[PDB]
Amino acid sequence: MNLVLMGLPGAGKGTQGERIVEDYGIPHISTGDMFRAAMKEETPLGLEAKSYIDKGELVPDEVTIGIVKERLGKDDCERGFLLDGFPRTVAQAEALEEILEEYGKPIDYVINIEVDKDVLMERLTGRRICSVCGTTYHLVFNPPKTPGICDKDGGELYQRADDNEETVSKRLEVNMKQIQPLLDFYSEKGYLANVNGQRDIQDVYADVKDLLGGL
């Protein structure tokens, strides 16, 4: 089960991905998460990516493709994987084609979680994340049982640094320019699947899960 999740900032990649990996046990690979992990560990990669991430800009293709190529070669991707937020540019998509062709693991489905851009600002500014496990909540749409703490581990919740009005707007602008070219690319490949992500989380997942049977 080789999957790719794409969508505009805040569309629900992390939320849907969490559910996919629990049911199928494939590794959840988020380039966003990888960059932030690096930023925390303060590796040279982390510091370099930080400049772009903080501004809402895309981290350059070369270094991004590099960390994904290495990640996909790990033993835990033997039975499949869930790419989240990558590819994000046609260039990345073409590179991934070569990478998976070398690894012998072609993509089964590219799932595009479609959400109207006009509601994404609310989704991100209201997002709260667990500092311990990374699962996300929303002040209005999916609030924690107790304000400021994770239902699972009791860890303190926080607001991602780039989830502010200015940066969110920038992220939306930047990623808007990549959507259509990416959709056309995979639609041409023959395995693009569009899912209406503007419904309750479990309703969205039902459609996502419908695509995974037999993989």
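Residue indices: 1-based, along the sequence shown.
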*asked:* Regarding 206-214 and 3-11, which shows the higher C-alpha temperature factor on average in the entry?
replied: 206-214
*If you average the Cα B factors in the entry, which is higher, 176-184 or 157-165?*
176-184
*asked:* Highest Cα temperature factor in the entry, among the options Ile67, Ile29, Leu58, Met39: which one is it?
replied: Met39
*Quick one: which of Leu120, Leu72, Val132, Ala95 shows the highest Cα temperature factor in the PDB entry?*
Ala95
_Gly104 by Cα B-factor - lowest, middle or highest third of the modelled chain_ = highest
*Tell me, lowest, middle or highest third: where does the Cα B factor of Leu124 rank within its chain?*
lowest
*By the record's CA B-factor, is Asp151 among the lowest, middle or highest third of residues in the chain?*
middle
_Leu83 - which third its CA temperature factor falls in, relative to the rest of the chain_ = lowest
*Ranked by Cα temperature factor within the chain, is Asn194 in the lowest third, the middle third or the highest third?*
highest
